[PDB]
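Only this structure's heavy atoms are used, side chains among them; waters, hydrogens and symmetry mates stay out. Note that ligands are numbered from 1 as they come in the structure, with each ligand's atoms numbered from 1 the same way. Each chain gets a letter, A, B and so on, in the order its sequence line appears, and its residues count up from 1.
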Amino acid sequence: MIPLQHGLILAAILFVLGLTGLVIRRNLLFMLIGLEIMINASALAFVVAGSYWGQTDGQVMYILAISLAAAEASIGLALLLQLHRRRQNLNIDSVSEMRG
Amino acid sequence: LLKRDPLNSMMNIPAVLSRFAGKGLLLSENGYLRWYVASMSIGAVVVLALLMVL
Amino acid sequence: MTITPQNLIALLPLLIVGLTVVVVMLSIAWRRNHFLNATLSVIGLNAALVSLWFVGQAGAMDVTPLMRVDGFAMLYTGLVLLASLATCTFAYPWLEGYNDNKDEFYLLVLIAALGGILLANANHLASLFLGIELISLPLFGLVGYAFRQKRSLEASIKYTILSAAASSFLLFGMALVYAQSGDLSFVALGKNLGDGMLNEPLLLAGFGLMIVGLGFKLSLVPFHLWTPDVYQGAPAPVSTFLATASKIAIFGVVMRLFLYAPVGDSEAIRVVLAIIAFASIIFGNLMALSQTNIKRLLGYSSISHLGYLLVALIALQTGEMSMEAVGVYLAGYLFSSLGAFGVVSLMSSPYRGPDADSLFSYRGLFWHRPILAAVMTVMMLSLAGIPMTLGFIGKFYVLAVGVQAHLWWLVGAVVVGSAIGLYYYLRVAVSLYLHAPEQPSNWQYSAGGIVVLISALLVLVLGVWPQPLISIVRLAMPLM
Amino acid sequence: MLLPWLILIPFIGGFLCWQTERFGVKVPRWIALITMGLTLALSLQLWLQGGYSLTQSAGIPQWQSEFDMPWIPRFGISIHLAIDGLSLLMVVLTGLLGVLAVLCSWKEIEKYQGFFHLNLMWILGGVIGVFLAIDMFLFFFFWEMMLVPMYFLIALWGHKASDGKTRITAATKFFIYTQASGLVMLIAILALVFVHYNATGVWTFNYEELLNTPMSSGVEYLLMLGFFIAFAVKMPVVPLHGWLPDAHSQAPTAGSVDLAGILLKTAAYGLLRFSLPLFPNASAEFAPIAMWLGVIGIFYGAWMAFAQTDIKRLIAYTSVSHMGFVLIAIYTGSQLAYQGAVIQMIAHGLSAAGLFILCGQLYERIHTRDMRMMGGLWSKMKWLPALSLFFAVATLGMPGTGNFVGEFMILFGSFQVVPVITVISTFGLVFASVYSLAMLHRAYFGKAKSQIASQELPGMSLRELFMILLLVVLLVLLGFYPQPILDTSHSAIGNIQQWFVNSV
Ligand SMILES: CCCCCCCCCCCCCCCCCC(=O)OC[C@H](COP(=O)(O)OCCN)OC(=O)CCCCCCCCCCCCCCCCC
Ligand SMILES: CCCCCCCCCCCCCCCCCC(=O)OC[C@H](COP(=O)(O)OCCN)OC(=O)CCCCCCCCCCCCCCCCC
Ligand SMILES: CCCCCCCCCCCCCCCCCC(=O)OC[C@H](COP(=O)(O)OCCN)OC(=O)CCCCCCCCCCCCCCCCC
Ligand SMILES: CCCCCCCCCCCCCCCCCCCC
């Protein structure tokens with residue numbers, strides 16, 4: 001008696017909020033934060049879908065989603081550390097040299 | 001009047017159009033990561049809207 | 001379900017590449033030896049490639065509720081393994097000039113090849129997602145392997161951010177698809193729909209988000225803007241792997257998804273894919289008109305060739321020879337891209353420091369590297385679809401598949417894009433054979449030269465005589 | 001049986017010319033010489049043993065010799081060669097032009113002469129394969145394979161006085177035109193094969209099997225349009241013509257390269273062999289469009305040739321006008337017009353080859369091509385201006401040369417079918433005389449308009465003089481006795497015309 005539509009709507013709201021944070025912020029740290037928000041929203045959507053059908057598949061896909069999320073957070077934060085080490089700023093618009 | 005070979009230029013018109021279209025399309029490759037994310041989301045909107053319409 | 005010993009026999013390349021990952025790991029833990037670790041990696045990849053024969057003698061059936069092993073999976077595993085072996089071969093002379101740790105490169109290549117094998121054998125949305133991540137994350141490491149270099153770090157940041165965004169889009173798409181269908185297997189996507197109600201709104205939305213993620217992964221317009229930057233900034237063997245193996249594996253799993261899912265026959269998805277293929281062909285050819293750099297030119301080339309592949313994929317439900325066309329085209333594209341990116345890698349090796357430019361300068365290459373120039377111009381003719389080359393055979397297959405399914409807009413797109421490709425590919429070839437103002441000695445560099453030479457010979461021989469390739473592709477027939 | 005060797009002897013000869021370059025720089029020219037000697041001897045032996053004069057018309061297909069060997073059995077694709085009178089005539093002409101091209105490049109002591117001979121040999125083998133193949137995929141394969149060595153010759157061995165950018169631009173324009181047109185032809189071939197497969201159920205690219213294909217009015221028109229776009233690009237037909245003067249201008253300065261592949265003789269053969277028999281109703285419906293395109297081609301090429309300051313461009317536009325005449329002849333359904341088209345095609349090949357050889361010899365004499373920079377060259381040379389006068393007289397359709405004979409049978413048959421286009425074409429003949437006399441007056445008559453033409457010039461060599469006199473003798477014999485040529489191609493022309501008019 002909790003609708004699947006409401007859970008999917010909540011996950012979609014969090015996904016588009018994470019996408020908005022990923023786009024509008026020039027800071028690479030806030031871009032990684034937005035990426036974490038989007039992948040957590042997708043994992044929440046999988047949990048909602050699995051709970052609607054009464055299957056463990058949603059939680060299995062949640063586990064795979066957070067394994068991916070942890071690994072990409074590690075890789076992105078290492079890249080952010082290298083960028084801050086060799087540029088002393090996190091402005092992602094500064095790294096735009098290759099073009100055309 | 002014909003010594004400039006007008007039919008040759010008329011058939012070379014697609015080459016000029018291709019050059020202009022390529023130069024116009026290369027403006028999207030500005031190298032900005034935020035624009036790349038914005039273009040991916042714009043394409044997501046376009047694909048979703050096209051699937052909803054059809 | 002349970003796993004039989006026959007299932008373990010059918011999973012032989014997966015187990016062999018994973019055991020190679022563990023063995024190379026423990027060998028690096030023992031002692032950092034570049035030659036020994038590279039040798040162990042290529043030995044494991046060759047062992048998987050020759051265990052494909054035991055997989056073929058095993059049969060074609062369902063190893064997991066996740067994997068299905070068939071001739072399609074064998075062909076795509078073979079293409080991925082060949083691309084990974086060529087990546088290691090090009091990578092060794094480039095890594096010979098690398099001052100930091102070199103052994104992690106082959107570990108990342110092995111894990112990416114494992115993801116490619118996963119995508120080749122994938123029959124499940126979970127397997128598709130895990131294979132995409134298992135390909136992409138070693139590519140995150142490899143694209144920015146020379147992270148002290150500014151362009152490589154920039155390409156790594158762009159690829160990591162955009163691929164995490166595409167993975168989130170794809171994951172949300174599978175979440176919506178699972179919410180609709182209730183099963184994550186490929187055969188059960190839209191199976192519960194009936195009476196002409198195949199165009200379910202939530203199922204179409206989930207498939208659209210998955211199309212966004214996969215079209216990022218396949219460099220399709222408008223998720224294509226990352227491709228020339230990431231191709232240029234990455235190391236040249238990494239660009240070889242990213243152009244060949246990632247594209248091949250992701251297109252193979254997309255082919256499986258659209259072949260097995262009953263919603264792959266939807267008219268709306270077909271029209272959306274037609275629009276994406278048209279725009280991809282035209283845009284990828286148009287952006288490469290004025291490209292001086294060879295890596296960005298090859299990136300736009302990858303966009304156009306994946307557009308031709310998408311054109312072949314749209315006619316999957318109409319013609320039964322669409323899988324034949326995709327296999328032949330992918331073999332030809334693999335060999336041509338291997339030759340071109342191997343020429344780039346051999347002229348970019350050894351790595352001449354992070355603070356120096358990695359410009360190619362292909363002008364006048366024949367007067368000091370004649371065999372490399374001959375291979376490179378053979379590859380440029382092959383990517384143009386010019387006869388006596390395997391790329392022409394693939395493009396002929398694409399045109400035949402488009403004609404059989406009456407995709408006339410796509411046929412015209414292929415013709416126009418082929419003309420534009422002719423322009424810039426022949427420009428590269430004559431620039432190779434012009435004159436240059438100004439401007440090895442180990443058996444691994446010679447091995448890379450041998451690899452690109454056999455690639456050129458295969459392109460020419462199968463361009464004038466494609467029937468063995470046709471027969472081996474017809475042997476790669478999946479489950480019905 | 002000899003057709004695979006007719007194709008393969010140029011390819012093996014080019015490979016031997018490339019590989020035997022290590023024995024010296026004067027070695028590959030001889031190897032190419034016996035290569036084209038063997039090719040021409042095989043062609044003449046097929047001419048003698050074919051019995052073409054005694055051959056009646058038995059309808060398409062009717063091949064004097066045939067060869068079949070499977071190549072891609074999945075699509076029903078085979079190396080399928082066949083020869084009859086028309087194909088044999090064009091193979092003989094191609095072999096003769098290859099002999100003249102080997103003779104014309106005798107004094108080139110370039111560092112990469114072996115690869116030049118390999119490219120020339122592969123172009124000639126591709127042209128012979130175009131003339132011999134009766135498999136649609138094989139015909140398209142030869143039609144596109146004759147372009148890569150042509151591109152590399154124009155781009156890397158080309159007109160050294162002009163910049164490399166101009167040569168690369170001209171070569172790229174020629175390649176893009178020819179390959180895009182060929183891709184449209186390949187689309188038409190694939191659609192025809194798929195329609196035949198839907199109608200019957202057999203995978204076949206064979207020309208004999210695709211003759212009987214039940215096709216709607218509108219699909220046949222589209223397939224004929226694709227074939228005609230390819231042939232019209234390589235005919236040339238206006239407006240798809242400018243690649244030919246740009247390729248002639250930036251061709252290598254020997255003149256052999258002009259005779260090798262830039263001379264147009266395959267597209268009208270493709271129109272007679274494939275466009276009319278495969279699509280007779282569509283060709284009959286398209287005939288007014290093609291005939292008016294031929295009229296426009298004649299007049300436009302004549303006005304283009306008169307308005308040229310470059311002699312090579314003038315000869316190229318002369319070729320454009322003559323090929324417009326041939327295009328008018330093709331879409332008429334008259335046996336007289338078809339035989340005239342064959343004679344005009346052979347005579348245009350001979351006369352254009354002579355004009356291009358003489359222009360090349362003049363260019364190694366005076367090191368320029370501008371007609372404003374030369375004048376009064378009759379008194380400065382020994383043999384060249386008189387032979388150029390004869391070849392300009394030949395190209396304006398003067399009786400005594402085969403050009404007049406071919407174009408007048410063309411006009412006789414055309415007036416038997418269409419009078420108005422015939423009278424406009426004969427005013428095009430007036431225009432042809434106008435531009436031929438204009439080039440003669442601007443080149444060899446008058447006073448010296450510069451300093452390079454003021455002094456005496458060295459005489460022509462004995463070999464160049466001998467091959468030019470061979471061309472002169474062949475043109476005069478074709479004008480005064482075209483009967484062996486008319487008897488050789490009478491059966492094939494009769495079969496094509498009977499198929500065209502008995503199915504409409
Ligand atoms: C810029 C260069 C590239 C140009 C664009 C690329 C080519 C575009 C081709 C457009 C074709 C449009 C076809 C329009 C009708 C389609 C629907 C239809 O009614 O099809 C009829 C028929 C299918 O119905 P069926 O029951 O099979 O009937 C058998 C017919 N004998 O259909 C068939 O049986 C097959 C029909 C095939 C039609 C011919 C296709 C190729 C024709 C040659 C190329 C296009 C024309 C020449 C170039 C134009 C200018 C560029
Ligand atoms: C009559 C109508 C019915 C029949 C239609 C038949 C169509 C097929 C046969 C005709 C093909 C025409 C091709 C026209 C372009 C030929 C190449 C050319 O002119 O290139 C010029 C130029 C390169 O030289 P340049 O000027 O030095 O430029 C250097 C720039 N840095 O080039 C460039 O700078 C860019 C070149 C880009 C590639 C060439 C353009 C391709 C466009 C699509 C071709 C397909 C046909 C489309 C429809 C044509 C009109 C009907
Ligand atoms: C007779 C009346 C009844 C009608 C019958 C049919 C028409 C007959 C008309 C005959 C007119 C002949 C005129 C010839 C003039 C030649 C002399 C001349 O003008 O010479 C100048 C120039 C010289 O040539 P060039 O080599 O450039 O010289 C270098 C320096 N001057 O030369 C040039 O620049 C070249 C000049 C070329 C002239 C071409 C004439 C074409 C005639 C077409 C006839 C069409 C008939 C039908 C008309 C429509 C009917 C409804
Ligand atoms: C059409 C399919 C491919 C055929 C082979 C393409 C070319 C491969 C390389 C062959 C060797 C090229 C040598 C060129 C020498 C140029 C010398 C120029 C001197 C000015």
For ligand 1, which atoms sit closer than 4.0 Å to a heavy atom of [X]?
X        : value
D:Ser216 : 31 (N)
C:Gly412 : 5 (C), 6 (C)
D:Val184 : 2 (C)
D:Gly226 : 47 (C)

Within the 4.0 Å heavy-atom cut-off, what D:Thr172 brings close to ligand 2 is neither
Counting heavy atoms under 4.0 Å, the part of C:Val415 that contacts ligand 2 is neither
Quick one: nearest non-hydrogen protein atom to [atom], plus distance?
atom                    : value
atom 2 (C) of ligand 2  : B:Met11 CE, 4.4 Å
atom 27 (O) of ligand 2 : D:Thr169 OG1, 3.2 Å
atom 47 (C) of ligand 2 : C:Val416 CG2, 4.7 Å
atom 7 (C) of ligand 1  : C:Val411 CG1, 4.0 Å
atom 35 (C) of ligand 1 : D:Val195 CG2, 3.9 Å
atom 34 (O) of ligand 2 : B:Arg19 NH1, 2.9 Å
atom 36 (C) of ligand 1 : D:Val219 CG1, 3.8 Å
atom 18 (C) of ligand 4 : C:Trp367 CH2, 3.9 Å
atom 23 (C) of ligand 1 : C:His406 NE2, 3.9 Å
atom 7 (C) of ligand 4  : C:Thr377 CG2, 4.2 Å
atom 5 (C) of ligand 4  : C:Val378 CG2, 4.5 Å

Numbering the atoms of ligand 4 from 1, which are under 4.0 Å from a heavy atom of [X]?
X        : value
D:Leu156 : 20 (C)
D:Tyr112 : 15 (C), 17 (C)
C:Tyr433 : 9 (C), 12 (C), 13 (C), 14 (C)

Are a donor atom and an acceptor atom from the side chains of [X] and [Y] found within less than 3.5 Å of each other?
X        : Y        : answer
C:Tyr424 : C:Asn285 : yes
D:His196 : D:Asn212 : no
C:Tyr362 : C:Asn293 : no
C:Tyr425 : C:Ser301 : yes

The one among [options] that brings a heavy atom closest to [atom]:
atom                    : options                                : result
atom 1 (C) of ligand 4  : C:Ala456, C:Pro387, D:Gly114, D:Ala155 : C:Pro387
atom 5 (C) of ligand 2  : D:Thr166, D:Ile229, B:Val16            : D:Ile229
atom 15 (C) of ligand 2 : B:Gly22, B:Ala15, D:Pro239             : B:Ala15
atom 10 (C) of ligand 4 : D:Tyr151, D:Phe152, D:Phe115           : D:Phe115

Heavy atom of protein inside 4.0 Å of [atom], strictly below:
atom                    : value
atom 39 (C) of ligand 1 : yes
atom 12 (C) of ligand 4 : yes
atom 18 (C) of ligand 1 : no
atom 31 (N) of ligand 1 : yes
atom 42 (C) of ligand 1 : yes

Inset, instruction - Please step through side-chain contact (heavy atoms from CB on, under 4.5 Å) for the pair C:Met376 and C:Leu432, ending with a clear verdict. - result: CA-CA 8 Å; C:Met376 174 64 138; C:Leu432 290 162; 3.6 Å; yes
- Query: Ignoring hydrogens and geometry, is there a side-chain-to-backbone donor-acceptor pair from C:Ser455 to C:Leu338 under 3.5 Å?
  - Reply: no
* Donor-acceptor contact below 3.5 Å, side chain D:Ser283 vs main chain D:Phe279 -> yes
For C:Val375 and C:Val452 the tightest heavy-atom approach is CG1-O, 3.4 Å
Taking it one step at a time, do D:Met185 and D:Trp143 satisfy side-chain contact (heavy atoms from CB on, under 4.5 Å)? CA-CA 10 Å; D:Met185 215 216 318; D:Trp143 189 274; 3.8 Å; yes
NZ (B:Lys23) and CG (C:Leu289) are apart, to the nearest 0.5 Å, by 9.0 Å
### Task
Quick one: do C:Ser431 and C:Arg363 satisfy side-chain hydrogen bond (donor to acceptor under 3.5 Å, both in side chains)? Show the steps, please.
CA-CA 5 Å; C:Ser431 150; C:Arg363 189 183 181 91; 5.2 Å; no
field: C:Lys395 to C:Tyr308, cation-pi by 6.0 Å centre distance and 45° axis angle
entry: yes
ring-ring contact (aromatic ring centres under 6.0 Å, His included) assessment of C:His406 paired with C:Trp408 = CA-CA 5 Å; C:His406 305 72; C:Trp408 309 119; 5.4 Å; yes
Step by step, would you call D:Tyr177 with D:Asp246 a side-chain hydrogen bond (donor to acceptor under 3.5 Å, both in side chains)?
-> CA-CA 12 Å; D:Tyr177 265 77; D:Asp246 301 22; over 6 Å; no
At under 4.0 Å between heavy atoms, what of C:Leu460 touches ligand 4? The answer is side chain
Note: C:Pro370, heavy atoms under 4.0 Å from ligand 4, region reported as neither
**OP:** Evaluate the ring-ring contact (aromatic ring centres under 6.0 Å, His included) criterion for residues D:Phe175 and D:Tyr151: first the C-alpha distance (whole Å), next the side-chain angles of each, then the deciding distance (0.1 Å), finally the verdict.
**Re:** CA-CA 7 Å; D:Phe175 207 98; D:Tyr151 177 83; 5.3 Å; yes
Item to complete: Look at ligand 4 and say whether C:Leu381 reaches it with a heavy atom at a distance under 4.0 Å.
Response: yes
D:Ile176 heavy atoms within 4.0 Å reach ligand 2 at atoms 13 (C), 16 (C), 17 (C), 38 (C), 39 (C)
| said: Determine whether D:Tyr197 and D:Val202 satisfy the following criterion, side-chain contact (heavy atoms from CB on, under 4.5 Å), listing intermediate values before the conclusion. | reply: CA-CA 5 Å; D:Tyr197 172 74; D:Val202 46; 5.8 Å; no
Open item on the list: Looking at ligand 1, would D:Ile187 count as a contact under a 4.0 Å heavy-atom criterion?
Closed with: yes
